[PDB]
Amino acid sequence: XXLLXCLXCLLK
Amino acid sequence: XXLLXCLXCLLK
Amino acid sequence: XXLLXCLXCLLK
Amino acid sequence: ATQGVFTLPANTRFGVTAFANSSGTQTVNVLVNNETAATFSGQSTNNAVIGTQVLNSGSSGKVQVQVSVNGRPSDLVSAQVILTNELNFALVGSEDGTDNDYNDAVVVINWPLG
Amino acid sequence: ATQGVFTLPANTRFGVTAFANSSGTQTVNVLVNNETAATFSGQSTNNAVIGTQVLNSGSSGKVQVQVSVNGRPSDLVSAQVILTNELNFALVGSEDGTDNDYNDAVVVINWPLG
Amino acid sequence: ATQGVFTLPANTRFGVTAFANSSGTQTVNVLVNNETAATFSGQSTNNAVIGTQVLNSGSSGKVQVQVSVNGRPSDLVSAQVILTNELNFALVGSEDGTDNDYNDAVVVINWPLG
Amino acid sequence: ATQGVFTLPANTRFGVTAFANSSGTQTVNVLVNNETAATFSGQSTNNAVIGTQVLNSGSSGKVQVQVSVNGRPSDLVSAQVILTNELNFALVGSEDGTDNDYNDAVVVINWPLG
Ligand SMILES: [Ca+2]
Ligand SMILES: [Ca+2]
Ligand SMILES: [Ca+2]
Ligand SMILES: [Ca+2]
Ligand SMILES: [Ca+2]
Ligand SMILES: [Ca+2]
Ligand SMILES: [Ca+2]
Ligand SMILES: [Ca+2]
């Protein structure tokens, strides 16, 4: 869901 | 079933 | 909306 | 349970708007403190606005919506919903027949205004 | 969270009605399947109806309400309420300023009709 | 009007939880497709959870909540609320006596889960 | 708009119950008059009750729900619904991640009790 959205998802 | 009867039926 | 118009808008 | 009765804050302006969706003419009475404050009447099967008005909830804040069709009280459903702890909707549907769509008169009360 | 977006049953007629309570002119856009279906414009501090229309939810059923004042999007609050498993209200409040009354444009969507 | 009946999306997992606020023992039946899927029984005047369960709405999505005390059905009030077009609450209150607090069994259905 | 904040009648007992639907551990703080009155911490992906408690709304009736996961505040959605002008539900959903199911902690407040 966008760059931040992705980063959020990968970090989880 | 009449004029009002028809309008009634048609609207419902 | 002019001078006074803008002042009102900014203050509001 | 009783339906169509709402406690508003006292002395508050509120909007009331009624829509019709029925072959029968809808009679919507709005009571404030048990006295008729507004009456809407109209017939539509296409959600026409049969009335909209601003009223005041008065000293008691008690607001009641009554719906009748050709002199017969309709069955009411209602609820109050509050958004962001501030915006109030009091909602009413009514059924004048047997199909139970509950849209025959639809009444929306909203406050605050202004 | 996203606000002002509602999934209606597909291919269903619904009413959309907007009220204004603000010194600002309210522009209310209603999108169906992401396409503009109705636009209302008006100003009132007395809950005037600035628009009312019957629309079709179309093949997707997706209905979105947008509100802006002088080109700036208002902050929206919304919810859907269903009474007696039949009567549906999709409700939107909006805030164009800083007093947080969220009534500046109020949008009520109701279905089914007829 | 009928209360305590909700159409969920089909084949959807949902939570159902009952609280009690009465001297009478509450019996809460949860039906899916007109067949009992869960039954809770308990007594509390302190809002105790008398049951919580996860069920599936099945092919029909029809969920019905019934409440009775000593064989006597309670008067039900209900509504469904949807937040951000996603999070659903189906809510039931019930009155088993004379005081009309409508909290004697309170039932909350929520979905989606997970 | 602000979410998770509700004004209750003063000096009123209310129930607060939290359910979890997330891989993340949910910390739910319930503040009364700006100070924590209950804290729940739990984890479930299947709607387990992670806390339930009876609280008193105190002097001003201000109740606020906060949800955090790993110290980060979740995005909240909320509304209040009133049935038969008497039975109140204050509803909160929360999102801790990216899928926007808004069920990661679900909080239901109900009053009156007893
Ligand atoms: Ca009807
Ligand atoms: Ca009808
Ligand atoms: Ca405003
Ligand atoms: Ca305003
Ligand atoms: Ca009772
Ligand atoms: Ca009770
Ligand atoms: Ca989530
Ligand atoms: Ca989740």
Side-chain angles (χ1 to χ4, degrees), chain D residues 1, chain E residues 85, chain F residues 2-8 12-58 60-81 88-97 99 101-114, chain G residues 13-21 40 42 44 46-54 81 83 87-89 91 103 106-114:
Chain E
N85 200 40
Chain F
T2 300
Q3 299 281 268
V5 174
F6 311 100
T7 301
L8 272 66
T12 295
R13 171 179 303 241
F14 65 96
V16 58
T17 304
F19 308 84
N21 293 279
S22 173
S23 284
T25 293
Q26 306 295 308
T27 297
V28 177
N29 284 295
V30 186
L31 294 305
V32 175
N33 208 358
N34 305 308
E35 302 176 350
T36 299
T39 303
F40 305 145
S41 187
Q43 187 276 320
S44 177
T45 48
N46 314 106
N47 206 49
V49 172
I50 62 163
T52 187
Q53 200 162 320
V54 170
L55 300 166
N56 187 309
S57 71
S60 76
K62 177 180 186 180
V63 180
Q64 176 162 16
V65 177
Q66 299 171 321
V67 181
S68 61
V69 175
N70 295 324
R72 174 187 74 255
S74 299
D75 190 37
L76 306 183
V77 290
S78 57
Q80 183 180 345
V81 182
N88 286 252
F89 301 87
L91 306 165
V92 179
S94 60
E95 176 55 48
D96 69 9
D99 67 351
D101 66 355
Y102 282 87
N103 71 0
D104 302 317
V106 173
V107 182
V108 175
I109 285 163
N110 69 290
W111 76 94
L113 302 193
Chain G
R13 286 175 151 209
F14 65 94
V16 61
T17 302
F19 311 83
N21 292 279
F40 306 142
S44 180
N46 201 38
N47 211 51
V49 174
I50 60 166
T52 190
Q53 183 54 237
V54 173
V81 62
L83 303 184
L87 178 72
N88 285 256
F89 297 86
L91 308 171
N103 71 356
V106 173
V107 181
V108 174
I109 287 162
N110 67 293
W111 76 96
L113 302 186

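Letters A, B, ... are given to chains in the order of the sequence lines, protein chains preceding strands, and every chain is numbered from 1. Every heavy atom of this structure was used, including side-chain atoms; hydrogens, water molecules and symmetry mates were not.
- Side-chain contact between F/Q26 and F/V69: present, with at least one pair of heavy atoms (C-beta onward) separated by less than 4.5 Å.
- When each of F/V16, F/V63, F/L8 is tested with F/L55 by the rule side chain to side chain contact (heavy atoms under 4.5 Å, CB included), just one qualifies, namely F/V16.
- Here the closest non-hydrogen pair linking G/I50 and G/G42 is CG2-CA, 3.6 Å.
- Formation of a donor-acceptor pair under 3.5 Å by the F/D104 side chain with backbone atoms of F/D96 is found in this model.
- Minimum heavy-atom separation, F/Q53 to F/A37: NE2-O, 3.8 Å.
- Between F/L76 and F/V67 there is a side-chain heavy-atom pair separated by less than 4.5 Å.
- Every pair passing side chain to side chain donor-acceptor pair (under 3.5 Å) that includes a residue from residues 36-48 of chain F is listed here, sequence neighbours excluded: F/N21-F/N47, F/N29-F/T39, F/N47-G/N110.
- The minimum heavy-atom distance linking G/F40 with G/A18 is given by the pair CD1-CB, 3.7 Å.
- The minimum heavy-atom distance between F/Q80 and E/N85, with the atom names listed, is OE1-OD1, 4.5 Å.
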What verdict does the side chain to side chain contact (heavy atoms under 4.5 Å, CB included) test give for F/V32 and F/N56, after you've listed the backbone C-alpha separation in whole Å, the side-chain angles of each residue and the deciding distance to 0.1 Å?
CA-CA 8 Å; F/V32 175; F/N56 187 309; over 6 Å; no
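- Using a 4.5 Å heavy-atom cutoff, the side chains of F/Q3 and F/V92 are not in contact.
- Between the side chain of F/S57 and the backbone N or O of F/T12, at least one donor-acceptor pair lies under 3.5 Å.
- Here side chain to side chain donor-acceptor pair (under 3.5 Å) pairs that include residues 63-79 of chain F, with residues two or more places apart or in two chains, are F/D75-F/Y102.
- Listed by chain and number, the residues in a side chain to side chain contact (heavy atoms under 4.5 Å, CB included) with F/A90 are F/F6, F/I109, F/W111 (sequence neighbours excluded).
- The side-chain heavy atoms of G/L113 and F/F19, taken from C-beta on, include no pair separated by under 4.5 Å.
- Looking at heavy atoms from C-beta onward, F/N88 lies out of side-chain contact with F/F14 at the 4.5 angstrom threshold.
- In this structure, the side chains of F/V107 and F/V30 stay at 4.5 Å or more apart for every pair of heavy atoms.
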